[PDB]
Every structure is written in structure tokens, then in C-alpha cells.
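J.: input-v1.cif is reproduced in full below (mmCIF, C-alpha atoms).
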data_my_file
#
loop_
_atom_site.group_PDB
_atom_site.id
_atom_site.type_symbol
_atom_site.label_atom_id
_atom_site.label_comp_id
_atom_site.auth_asym_id
_atom_site.auth_seq_id
_atom_site.Cartn_x
_atom_site.Cartn_y
_atom_site.Cartn_z
ATOM 1 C CA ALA F 24 -9.310 -67.994 -49.319
ATOM 2 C CA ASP F 25 -5.791 -69.433 -49.165
ATOM 3 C CA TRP F 26 -4.832 -71.921 -46.470
ATOM 4 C CA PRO F 27 -1.434 -72.501 -44.791
ATOM 5 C CA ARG F 28 1.476 -73.683 -46.941
ATOM 6 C CA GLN F 29 4.786 -75.341 -46.101
ATOM 7 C CA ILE F 30 7.657 -73.047 -47.081
ATOM 8 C CA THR F 31 11.267 -74.218 -47.110
ATOM 9 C CA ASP F 32 13.726 -72.185 -45.034
ATOM 10 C CA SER F 33 17.334 -72.193 -43.842
ATOM 11 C CA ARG F 34 16.396 -73.442 -40.376
ATOM 12 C CA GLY F 35 15.099 -76.966 -40.949
ATOM 13 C CA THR F 36 11.307 -76.805 -41.117
ATOM 14 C CA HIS F 37 9.148 -73.686 -41.426
ATOM 15 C CA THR F 38 5.508 -73.220 -42.418
ATOM 16 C CA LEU F 39 3.201 -70.322 -43.297
ATOM 17 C CA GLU F 40 -0.166 -69.758 -41.638
ATOM 18 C CA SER F 41 -1.462 -67.698 -44.558
ATOM 19 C CA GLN F 42 -0.297 -65.530 -47.459
ATOM 20 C CA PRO F 43 1.348 -62.695 -45.454
ATOM 21 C CA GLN F 44 0.032 -59.268 -46.439
ATOM 22 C CA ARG F 45 3.085 -57.525 -44.974
ATOM 23 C CA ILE F 46 6.706 -58.490 -45.600
ATOM 24 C CA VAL F 47 9.849 -57.073 -43.992
ATOM 25 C CA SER F 48 13.406 -57.779 -45.132
ATOM 26 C CA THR F 49 16.853 -56.196 -45.446
ATOM 27 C CA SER F 50 18.086 -58.166 -48.457
ATOM 28 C CA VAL F 51 18.781 -56.050 -51.531
ATOM 29 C CA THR F 52 18.398 -59.015 -53.876
ATOM 30 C CA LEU F 53 15.164 -60.089 -52.223
ATOM 31 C CA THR F 54 13.749 -56.576 -52.457
ATOM 32 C CA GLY F 55 14.290 -56.554 -56.220
ATOM 33 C CA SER F 56 13.006 -60.057 -56.960
ATOM 34 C CA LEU F 57 10.027 -59.098 -54.806
ATOM 35 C CA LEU F 58 9.202 -56.169 -57.061
ATOM 36 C CA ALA F 59 9.697 -58.264 -60.175
ATOM 37 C CA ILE F 60 7.394 -60.983 -58.864
ATOM 38 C CA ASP F 61 4.920 -58.322 -57.775
ATOM 39 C CA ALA F 62 5.305 -58.267 -53.988
ATOM 40 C CA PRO F 63 7.003 -55.077 -52.714
ATOM 41 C CA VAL F 64 8.473 -55.036 -49.206
ATOM 42 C CA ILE F 65 7.738 -52.509 -46.477
ATOM 43 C CA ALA F 66 11.405 -52.199 -45.481
ATOM 44 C CA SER F 67 14.490 -53.021 -47.543
ATOM 45 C CA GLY F 68 18.257 -52.715 -47.147
ATOM 46 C CA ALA F 69 20.099 -50.026 -49.102
ATOM 47 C CA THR F 70 21.960 -46.715 -48.843
ATOM 48 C CA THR F 71 20.567 -43.168 -48.688
ATOM 49 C CA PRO F 72 17.302 -44.248 -50.383
ATOM 50 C CA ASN F 73 15.641 -41.809 -52.774
ATOM 51 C CA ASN F 74 14.575 -43.727 -55.875
ATOM 52 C CA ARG F 75 11.830 -45.491 -53.926
ATOM 53 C CA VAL F 76 10.303 -42.213 -52.756
ATOM 54 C CA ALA F 77 10.345 -41.204 -56.417
ATOM 55 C CA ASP F 78 7.051 -41.090 -58.311
ATOM 56 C CA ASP F 79 5.163 -44.238 -59.287
ATOM 57 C CA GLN F 80 8.300 -46.094 -60.356
ATOM 58 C CA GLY F 81 5.814 -48.662 -61.671
ATOM 59 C CA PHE F 82 4.675 -50.004 -58.296
ATOM 60 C CA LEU F 83 1.549 -48.413 -56.825
ATOM 61 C CA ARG F 84 1.390 -50.943 -53.993
ATOM 62 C CA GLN F 85 4.251 -49.167 -52.226
ATOM 63 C CA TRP F 86 2.503 -45.842 -51.658
ATOM 64 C CA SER F 87 -0.089 -47.460 -49.402
ATOM 65 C CA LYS F 88 2.096 -50.038 -47.676
ATOM 66 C CA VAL F 89 4.590 -47.351 -46.690
ATOM 67 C CA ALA F 90 1.855 -44.798 -46.016
ATOM 68 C CA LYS F 91 -0.032 -47.419 -44.019
ATOM 69 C CA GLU F 92 2.569 -47.391 -41.249
ATOM 70 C CA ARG F 93 4.895 -44.377 -41.224
ATOM 71 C CA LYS F 94 6.069 -43.841 -44.809
ATOM 72 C CA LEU F 95 8.949 -45.936 -43.500
ATOM 73 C CA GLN F 96 11.709 -45.806 -46.100
ATOM 74 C CA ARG F 97 14.278 -48.486 -46.903
ATOM 75 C CA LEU F 98 16.432 -49.588 -43.968
ATOM 76 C CA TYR F 99 20.098 -50.566 -43.906
ATOM 77 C CA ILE F 100 21.982 -53.183 -41.881
ATOM 78 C CA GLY F 101 22.969 -51.415 -38.666
ATOM 79 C CA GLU F 102 19.629 -49.966 -37.556
ATOM 80 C CA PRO F 103 18.071 -52.604 -35.246
ATOM 81 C CA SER F 104 14.990 -51.602 -33.261
ATOM 82 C CA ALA F 105 12.158 -53.588 -31.694
ATOM 83 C CA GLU F 106 9.876 -50.576 -31.321
ATOM 84 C CA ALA F 107 10.450 -49.518 -34.922
ATOM 85 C CA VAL F 108 9.573 -52.996 -36.161
ATOM 86 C CA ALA F 109 6.455 -53.216 -34.001
ATOM 87 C CA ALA F 110 5.286 -49.838 -35.275
ATOM 88 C CA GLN F 111 5.272 -51.440 -38.720
ATOM 89 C CA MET F 112 2.967 -54.204 -37.451
ATOM 90 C CA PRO F 113 4.518 -56.608 -40.001
ATOM 91 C CA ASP F 114 3.370 -60.137 -40.829
ATOM 92 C CA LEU F 115 6.493 -61.783 -42.250
ATOM 93 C CA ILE F 116 9.938 -60.850 -40.926
ATOM 94 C CA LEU F 117 13.201 -62.131 -42.389
ATOM 95 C CA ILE F 118 16.350 -62.401 -40.264
ATOM 96 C CA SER F 119 19.895 -62.831 -41.559
ATOM 97 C CA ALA F 120 21.914 -65.871 -40.489
ATOM 98 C CA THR F 121 24.726 -63.742 -39.067
ATOM 99 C CA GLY F 122 25.776 -60.093 -38.974
ATOM 100 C CA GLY F 123 26.272 -57.026 -36.783
ATOM 101 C CA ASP F 124 22.654 -57.281 -35.639
ATOM 102 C CA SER F 125 22.045 -60.215 -33.301
ATOM 103 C CA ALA F 126 19.271 -62.593 -34.361
ATOM 104 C CA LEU F 127 18.615 -64.325 -31.051
ATOM 105 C CA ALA F 128 18.334 -61.007 -29.233
ATOM 106 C CA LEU F 129 15.718 -60.110 -31.846
ATOM 107 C CA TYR F 130 14.171 -63.514 -32.500
ATOM 108 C CA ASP F 131 12.065 -63.243 -29.352
ATOM 109 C CA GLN F 132 11.312 -59.574 -29.982
ATOM 110 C CA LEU F 133 10.475 -60.280 -33.619
ATOM 111 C CA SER F 134 8.693 -63.577 -33.019
ATOM 112 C CA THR F 135 6.294 -61.886 -30.611
ATOM 113 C CA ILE F 136 5.641 -59.042 -33.047
ATOM 114 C CA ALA F 137 5.106 -61.477 -35.908
ATOM 115 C CA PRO F 138 6.184 -64.862 -37.350
ATOM 116 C CA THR F 139 9.979 -64.786 -37.241
ATOM 117 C CA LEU F 140 11.694 -66.415 -40.217
ATOM 118 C CA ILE F 141 15.396 -67.261 -40.474
ATOM 119 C CA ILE F 142 17.057 -66.825 -43.864
ATOM 120 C CA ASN F 143 20.755 -66.720 -44.737
ATOM 121 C CA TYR F 144 22.078 -63.515 -46.294
ATOM 122 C CA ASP F 145 22.873 -63.831 -49.995
ATOM 123 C CA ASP F 146 22.537 -67.612 -50.308
ATOM 124 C CA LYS F 147 20.391 -67.780 -53.443
ATOM 125 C CA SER F 148 20.925 -65.854 -56.674
ATOM 126 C CA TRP F 149 18.012 -64.237 -58.498
ATOM 127 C CA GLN F 150 17.736 -67.669 -60.109
ATOM 128 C CA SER F 151 16.786 -69.958 -57.230
ATOM 129 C CA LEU F 152 15.600 -66.972 -55.210
ATOM 130 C CA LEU F 153 13.156 -65.953 -57.921
ATOM 131 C CA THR F 154 11.934 -69.538 -58.249
ATOM 132 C CA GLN F 155 11.357 -69.637 -54.490
ATOM 133 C CA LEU F 156 9.108 -66.584 -54.702
ATOM 134 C CA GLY F 157 7.231 -68.115 -57.631
ATOM 135 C CA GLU F 158 6.389 -71.102 -55.428
ATOM 136 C CA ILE F 159 3.370 -68.931 -54.634
ATOM 137 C CA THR F 160 0.097 -70.016 -56.233
ATOM 138 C CA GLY F 161 -0.752 -68.309 -59.519
ATOM 139 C CA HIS F 162 2.828 -67.034 -59.720
ATOM 140 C CA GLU F 163 4.504 -69.962 -61.471
ATOM 141 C CA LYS F 164 3.081 -69.376 -64.944
ATOM 142 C CA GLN F 165 3.768 -65.655 -64.618
ATOM 143 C CA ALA F 166 7.260 -66.403 -63.314
ATOM 144 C CA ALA F 167 8.040 -68.701 -66.240
ATOM 145 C CA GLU F 168 6.981 -65.926 -68.613
ATOM 146 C CA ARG F 169 9.273 -63.367 -66.984
ATOM 147 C CA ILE F 170 12.046 -65.927 -66.547
ATOM 148 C CA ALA F 171 11.654 -67.179 -70.111
ATOM 149 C CA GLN F 172 12.039 -63.694 -71.573
ATOM 150 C CA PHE F 173 14.828 -62.862 -69.130
ATOM 151 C CA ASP F 174 16.614 -66.137 -69.871
ATOM 152 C CA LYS F 175 16.320 -65.520 -73.607
ATOM 153 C CA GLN F 176 17.827 -62.051 -73.240
ATOM 154 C CA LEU F 177 20.774 -63.472 -71.315
ATOM 155 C CA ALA F 178 21.186 -66.282 -73.829
ATOM 156 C CA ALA F 179 21.744 -63.981 -76.797
ATOM 157 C CA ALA F 180 23.650 -61.497 -74.641
ATOM 158 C CA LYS F 181 25.992 -64.320 -73.656
ATOM 159 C CA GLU F 182 26.510 -65.110 -77.340
ATOM 160 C CA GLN F 183 27.051 -61.412 -78.071
ATOM 161 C CA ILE F 184 30.026 -60.732 -75.804
ATOM 162 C CA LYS F 185 32.976 -62.869 -74.727
ATOM 163 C CA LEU F 186 35.560 -62.215 -72.037
ATOM 164 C CA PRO F 187 39.231 -62.861 -72.942
ATOM 165 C CA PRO F 188 40.809 -66.159 -71.755
ATOM 166 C CA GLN F 189 41.452 -65.865 -68.025
ATOM 167 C CA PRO F 190 39.720 -66.126 -64.611
ATOM 168 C CA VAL F 191 37.941 -63.061 -63.224
ATOM 169 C CA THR F 192 36.848 -61.998 -59.745
ATOM 170 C CA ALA F 193 34.746 -59.347 -58.004
ATOM 171 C CA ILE F 194 35.499 -57.594 -54.722
ATOM 172 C CA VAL F 195 34.450 -54.407 -52.945
ATOM 173 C CA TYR F 196 36.966 -52.425 -50.887
ATOM 174 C CA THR F 197 36.019 -48.996 -49.543
ATOM 175 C CA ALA F 198 37.642 -47.122 -46.661
ATOM 176 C CA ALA F 199 34.949 -44.436 -46.482
ATOM 177 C CA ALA F 200 32.383 -46.796 -44.963
ATOM 178 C CA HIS F 201 35.338 -48.662 -43.468
ATOM 179 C CA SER F 202 34.346 -52.086 -44.775
ATOM 180 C CA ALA F 203 35.083 -54.555 -47.570
ATOM 181 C CA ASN F 204 33.520 -57.766 -48.891
ATOM 182 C CA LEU F 205 34.866 -60.394 -51.292
ATOM 183 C CA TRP F 206 32.439 -62.089 -53.677
ATOM 184 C CA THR F 207 32.661 -65.700 -54.813
ATOM 185 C CA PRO F 208 31.012 -68.368 -57.018
ATOM 186 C CA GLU F 209 28.686 -69.249 -54.140
ATOM 187 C CA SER F 210 27.691 -65.613 -53.670
ATOM 188 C CA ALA F 211 24.655 -64.385 -55.595
ATOM 189 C CA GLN F 212 26.813 -61.748 -57.276
ATOM 190 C CA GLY F 213 29.270 -64.395 -58.452
ATOM 191 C CA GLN F 214 26.508 -66.641 -59.773
ATOM 192 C CA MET F 215 24.870 -63.735 -61.608
ATOM 193 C CA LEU F 216 28.152 -62.775 -63.265
ATOM 194 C CA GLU F 217 28.706 -66.412 -64.189
ATOM 195 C CA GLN F 218 25.373 -66.350 -66.018
ATOM 196 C CA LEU F 219 26.439 -63.288 -67.993
ATOM 197 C CA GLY F 220 29.651 -64.974 -69.131
ATOM 198 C CA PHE F 221 32.328 -64.549 -66.458
ATOM 199 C CA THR F 222 34.527 -66.956 -64.498
ATOM 200 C CA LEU F 223 34.558 -66.680 -60.708
ATOM 201 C CA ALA F 224 37.481 -67.990 -58.674
ATOM 202 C CA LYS F 225 37.357 -69.417 -55.149
ATOM 203 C CA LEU F 226 39.501 -67.608 -52.611
ATOM 204 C CA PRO F 227 41.956 -69.742 -50.568
ATOM 205 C CA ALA F 228 40.551 -71.658 -47.598
ATOM 206 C CA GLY F 229 43.710 -70.895 -45.625
ATOM 207 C CA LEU F 230 43.508 -67.104 -45.669
ATOM 208 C CA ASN F 231 39.772 -67.300 -45.007
ATOM 209 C CA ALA F 232 40.521 -66.968 -41.291
ATOM 210 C CA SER F 233 43.247 -64.446 -42.101
ATOM 211 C CA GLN F 234 41.012 -61.699 -40.705
ATOM 212 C CA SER F 235 37.586 -62.919 -39.593
ATOM 213 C CA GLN F 236 38.418 -65.403 -36.835
ATOM 214 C CA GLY F 237 34.847 -66.641 -36.416
ATOM 215 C CA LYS F 238 32.245 -68.201 -38.710
ATOM 216 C CA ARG F 239 31.534 -66.815 -42.179
ATOM 217 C CA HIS F 240 31.090 -69.714 -44.595
ATOM 218 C CA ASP F 241 28.277 -67.865 -46.356
ATOM 219 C CA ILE F 242 30.670 -65.144 -47.516
ATOM 220 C CA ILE F 243 34.407 -64.477 -47.339
ATOM 221 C CA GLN F 244 35.211 -61.114 -45.752
ATOM 222 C CA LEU F 245 38.929 -60.330 -45.474
ATOM 223 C CA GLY F 246 41.190 -57.287 -45.464
ATOM 224 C CA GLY F 247 44.538 -58.441 -44.085
ATOM 225 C CA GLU F 248 47.662 -57.829 -46.158
ATOM 226 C CA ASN F 249 47.168 -61.473 -47.141
ATOM 227 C CA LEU F 250 44.920 -60.569 -50.068
ATOM 228 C CA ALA F 251 47.890 -59.217 -52.012
ATOM 229 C CA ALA F 252 49.336 -62.681 -52.620
ATOM 230 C CA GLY F 253 45.853 -64.187 -52.395
ATOM 231 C CA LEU F 254 43.834 -62.699 -55.246
ATOM 232 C CA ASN F 255 45.694 -63.045 -58.535
ATOM 233 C CA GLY F 256 44.199 -59.754 -59.699
ATOM 234 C CA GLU F 257 43.168 -60.729 -63.227
ATOM 235 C CA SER F 258 39.987 -58.646 -63.153
ATOM 236 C CA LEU F 259 38.616 -57.082 -59.972
ATOM 237 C CA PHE F 260 35.102 -55.631 -60.152
ATOM 238 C CA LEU F 261 33.982 -52.741 -57.988
ATOM 239 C CA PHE F 262 30.526 -51.707 -56.802
ATOM 240 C CA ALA F 263 29.287 -48.116 -56.633
ATOM 241 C CA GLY F 264 32.572 -46.764 -57.983
ATOM 242 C CA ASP F 265 33.557 -46.194 -61.612
ATOM 243 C CA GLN F 266 37.071 -45.855 -63.024
ATOM 244 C CA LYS F 267 36.997 -42.787 -60.772
ATOM 245 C CA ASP F 268 37.015 -44.752 -57.509
ATOM 246 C CA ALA F 269 39.472 -47.300 -58.887
ATOM 247 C CA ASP F 270 41.623 -44.411 -60.092
ATOM 248 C CA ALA F 271 41.843 -43.164 -56.512
ATOM 249 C CA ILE F 272 41.969 -46.518 -54.735
ATOM 250 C CA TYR F 273 45.235 -47.134 -56.573
ATOM 251 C CA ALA F 274 46.560 -44.884 -53.841
ATOM 252 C CA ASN F 275 46.755 -47.736 -51.320
ATOM 253 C CA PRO F 276 50.588 -47.899 -51.092
ATOM 254 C CA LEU F 277 50.488 -51.421 -49.677
ATOM 255 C CA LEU F 278 48.154 -52.649 -52.408
ATOM 256 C CA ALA F 279 49.524 -50.159 -54.921
ATOM 257 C CA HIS F 280 52.132 -52.709 -55.981
ATOM 258 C CA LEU F 281 49.221 -54.752 -57.265
ATOM 259 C CA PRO F 282 50.007 -56.120 -60.774
ATOM 260 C CA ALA F 283 46.330 -55.717 -61.684
ATOM 261 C CA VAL F 284 46.584 -51.950 -61.232
ATOM 262 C CA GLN F 285 49.899 -51.885 -63.097
ATOM 263 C CA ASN F 286 48.247 -53.676 -66.019
ATOM 264 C CA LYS F 287 45.039 -51.736 -65.394
ATOM 265 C CA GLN F 288 43.078 -54.970 -64.996
ATOM 266 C CA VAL F 289 40.468 -53.285 -62.793
ATOM 267 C CA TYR F 290 36.835 -52.672 -63.738
ATOM 268 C CA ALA F 291 33.723 -51.228 -62.087
ATOM 269 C CA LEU F 292 30.115 -52.413 -61.985
ATOM 270 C CA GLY F 293 28.836 -48.829 -62.105
ATOM 271 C CA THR F 294 28.251 -45.956 -59.688
ATOM 272 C CA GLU F 295 24.508 -46.015 -59.035
ATOM 273 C CA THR F 296 24.837 -49.794 -59.216
ATOM 274 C CA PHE F 297 25.112 -49.756 -55.428
ATOM 275 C CA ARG F 298 22.108 -52.048 -55.050
ATOM 276 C CA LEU F 299 22.535 -55.606 -56.322
ATOM 277 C CA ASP F 300 19.431 -57.495 -57.427
ATOM 278 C CA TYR F 301 17.509 -58.903 -60.392
ATOM 279 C CA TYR F 302 17.209 -55.339 -61.673
ATOM 280 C CA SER F 303 20.889 -54.648 -61.008
ATOM 281 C CA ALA F 304 21.713 -57.447 -63.446
ATOM 282 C CA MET F 305 19.908 -55.681 -66.295
ATOM 283 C CA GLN F 306 21.766 -52.489 -65.372
ATOM 284 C CA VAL F 307 25.043 -54.388 -65.017
ATOM 285 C CA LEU F 308 24.491 -56.154 -68.325
ATOM 286 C CA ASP F 309 23.987 -52.805 -70.039
ATOM 287 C CA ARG F 310 27.246 -51.563 -68.531
ATOM 288 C CA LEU F 311 29.113 -54.615 -69.818
ATOM 289 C CA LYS F 312 27.566 -54.190 -73.255
ATOM 290 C CA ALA F 313 28.713 -50.564 -73.220
ATOM 291 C CA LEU F 314 31.990 -51.364 -71.483
ATOM 292 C CA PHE F 315 33.262 -53.246 -74.532
#
Spell out the structure here as C-alpha cells.
T.:
Amino acid sequence: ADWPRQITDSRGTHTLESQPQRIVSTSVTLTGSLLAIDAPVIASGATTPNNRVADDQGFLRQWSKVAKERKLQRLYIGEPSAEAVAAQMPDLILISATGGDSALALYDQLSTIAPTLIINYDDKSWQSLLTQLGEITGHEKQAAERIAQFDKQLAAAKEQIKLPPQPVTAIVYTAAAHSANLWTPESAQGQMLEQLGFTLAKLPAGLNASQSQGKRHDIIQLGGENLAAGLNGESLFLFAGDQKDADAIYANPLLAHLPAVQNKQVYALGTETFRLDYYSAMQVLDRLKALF
């Protein structure tokens, strides 16, 4: 049997009583890395899930886990519920540092249900994040194998394509859902792109509080008409939205006068590429390889 192990966390000092059989999280990146390192999660963050319900997508440990409770599908930030969590009788629960869903108001509710763990949202790319998962016993060697092959693929891929001289950035702006997020070098998405062969810029620290007048060091979320003169617009990447979405977005009269659009310096990360994780990279890499 396996005994308790000290696991590093965002808090300051967290430990594990025993290898948790059930894991609950809302991180898209974590959900992927979990599958890659063989360790599916009962609940994950996403949008209108359907691929998971699909046939044995390769993981047969999801049919039982989900069927064990209430075939609970993937969740999505903005669906807090103590009763719903309890019904899933989970063992390990991950809570985001900050967001729409309060952590303190759930910490007690979650702690009682099961060991409550505090982890920042998007604070470790598939690189460090994957290594953290490997920390598990009998997972290092296997991890190195997967990482080695993955690293090799990226290596050659990096020496196969080269982006023209100039800084690039990635941001998501959608009115439909009425929300937008700006990526950065610190963000997992920025780090991943950097690995592929892209340069990520750091938004100004002055406009940071241009919109969000609180605390969001983890990520920079803006929207004020201060982004026009903020982001140079040398190469803006978009999430689930191909040249089609960008073709329409160019409607924004205020942001229409964006030089990037005029020079058509806008690109997309793919449509179904809504979810961002270790797997998303492979999909993203394929898009880049086909993009050029």
C-alpha cells in the first residue's frame, strides 16, 4: 500500500493522506495532462462537452468513474454547488485562486466533503504541470518516456518552421459569451506557444488596472478602449474562431481602426481548439504546420 506523501501547492504547505482515487478539477490544462499521465478526472472545465461522452476515446477508466456517481459530465466555471460536489463523493478537490466562484465560501463546504486543495488557475504550463503529476511513484520513468518523445517532436518541429522577425501575442475577445482574456508569457498558453517557436510580449503594467480594479496578477484581463494603443497588434491569436470569427470581429468600429486588421495580421488557433491543454498543443502544432 502507499503511504502519505508531501505534495507542493500554492498555499504554503499541503500534504496527501493517500493516493486519491477520485479527483475533481475545473482546469482544462490539468484535465488533459491528467489523461496523458493516465489519471482522468471526474469533473473538468469546458464548453458544451460531447467528445468525452464519445466512445472509448482511449480511456476506459472514465466510463466507471463517471458512471460510479451520476455520469456527471464536464463542468464549466460558473456552476458552483455544494450538493452536486457531495453527490460525487470526491477525494481530491482543486480550487482556483480567484474567480467568479468564491473559494472561502466553498472551502468549508469542500473541505468537509473532502480534502480541499488550493491551486492557482493556469500557473503552470504542460511542462511544469506535467512534471508535477509525474511526481507520483512509478510515473517518472513513464513521464520521461512521453516527455522525451514529445520534446523530440517539438524540437524538430521548431527547426521545421520559423516565424518572421517580430513579436507576437495571443488574446481572446468574444462578445457572445461577453468576456475576453489576454494571454501572456507567464500564462500556460504563452509558454506553450513559446516552446513551439513564438515570441510573447508582456502587456503594460499601467493599463493592467485599466479595467479590472482588483487583483489579477495571475492573468491580465482587460477590455477598455486602452487596448487599442496597448497591444501593438503584430499577430493576435484567437481561440475557437477561425478566419471566420476574425473576419466578423473586424466589425468592432472602435477596434476596426486596428492596424493589425488593416494589414491582416490576425490568426486563429482553430475552431474546435476551444480546450487548451497538452493535447491542444498537438492540435495547435498541426494547425501551425498547415497554416504555413
J.: One number please: atom CA of residue F:216 to atom CA of residue F:190, in Å, one decimal.
T.: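 Atom CA of residue F:216 sits 12.1 Å away from atom CA of residue F:190.
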J.: Can you tell me which residues surround residue F:71 at a distance of at most 10 Å, considering all atoms listed in the file, apart from same-chain residues fewer than 4 positions away, and format the answer as a list in words?
T.: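 Selected residues are residues 96, 97, 98 and 99 of chain F.
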J.: Just want the 10 Å neighbourhood of residue F:314, counted on all atoms listed in the file, with same-chain residues fewer than 5 positions away dropped. Output as number ranges by chain.
T.: F: 290-292, 307-309
J.: Produce a file of the selected residues containing C-alpha atoms, as an mmCIF file, in the coordinates of the input.
T.:
data_model
loop_
_atom_site.group_PDB
_atom_site.id
_atom_site.type_symbol
_atom_site.label_atom_id
_atom_site.label_comp_id
_atom_site.auth_asym_id
_atom_site.auth_seq_id
_atom_site.Cartn_x
_atom_site.Cartn_y
_atom_site.Cartn_z
ATOM 1 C CA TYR F 290 36.835 -52.672 -63.738
ATOM 2 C CA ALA F 291 33.723 -51.228 -62.087
ATOM 3 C CA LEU F 292 30.115 -52.413 -61.985
ATOM 4 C CA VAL F 307 25.043 -54.388 -65.017
ATOM 5 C CA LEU F 308 24.491 -56.154 -68.325
ATOM 6 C CA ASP F 309 23.987 -52.805 -70.039
#
J.: Tell me which residues the PyMOL selection byres ((chain F and resi 207) around 7) grabs here, as number ranges by chain.
T.: F: 205-206, 208-210, 213, 223-225
J.: For the point (25.4, -60.0, -58.5) in file coordinates, what residues are within 9 Å, counting all atoms listed in the file? Give the answer as a PyMOL selection string?
T.: chain F and resi 52+148-149+206+210-216+299-301+303-304+307
J.: For this structure, which residues satisfy the selection - the PyMOL selection byres ((chain F and resi 184) around 12) - when it is evaluated on the file as given? I want them as an MDAnalysis selection string.
T.: chainID F and resid 177:183 185:187 219:221 308:309 311:315
J.: Any chance you could model N, CA and C atoms for stretch 51-67 of chain F and send them as a compact mmCIF listing (two decimals), in the coordinates of the input?
T.:
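Saved result, part_18.txt, follows:
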# COMPACT_ATOMS: atom_id res chain seq x y z
N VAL F 51 18.90 -56.85 -50.32
CA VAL F 51 18.78 -56.05 -51.53
C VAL F 51 18.26 -56.90 -52.68
N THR F 52 18.81 -58.11 -52.81
CA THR F 52 18.40 -59.02 -53.88
C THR F 52 16.93 -59.39 -53.72
N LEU F 53 16.54 -59.70 -52.50
CA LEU F 53 15.16 -60.09 -52.22
C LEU F 53 14.21 -58.95 -52.56
N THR F 54 14.59 -57.74 -52.20
CA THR F 54 13.75 -56.58 -52.46
C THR F 54 13.45 -56.46 -53.95
N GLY F 55 14.47 -56.64 -54.77
CA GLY F 55 14.29 -56.55 -56.22
C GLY F 55 13.37 -57.67 -56.72
N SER F 56 13.80 -58.91 -56.53
CA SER F 56 13.01 -60.06 -56.96
C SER F 56 11.56 -59.89 -56.51
N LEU F 57 11.37 -59.31 -55.33
CA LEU F 57 10.03 -59.10 -54.81
C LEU F 57 9.23 -58.17 -55.72
N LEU F 58 9.86 -57.10 -56.15
CA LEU F 58 9.20 -56.17 -57.06
C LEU F 58 8.91 -56.82 -58.40
N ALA F 59 9.86 -57.60 -58.89
CA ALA F 59 9.70 -58.26 -60.18
C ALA F 59 8.55 -59.26 -60.12
N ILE F 60 8.45 -59.99 -59.02
CA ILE F 60 7.39 -60.98 -58.86
C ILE F 60 6.14 -60.35 -58.27
N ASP F 61 6.07 -59.03 -58.32
CA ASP F 61 4.92 -58.32 -57.78
C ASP F 61 4.70 -58.68 -56.31
N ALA F 62 5.42 -58.00 -55.42
CA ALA F 62 5.30 -58.27 -53.99
C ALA F 62 6.25 -57.36 -53.21
N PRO F 63 6.12 -56.08 -53.38
CA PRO F 63 7.00 -55.08 -52.71
C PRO F 63 7.12 -55.31 -51.21
N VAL F 64 8.24 -54.87 -50.64
CA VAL F 64 8.47 -55.04 -49.21
C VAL F 64 8.38 -53.69 -48.49
N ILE F 65 7.88 -53.73 -47.26
CA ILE F 65 7.74 -52.51 -46.48
C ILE F 65 9.10 -51.88 -46.19
N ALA F 66 10.07 -52.70 -45.79
CA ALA F 66 11.40 -52.20 -45.48
C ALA F 66 12.46 -53.03 -46.20
N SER F 67 13.42 -52.34 -46.81
CA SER F 67 14.49 -53.02 -47.54
C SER F 67 15.85 -52.42 -47.20
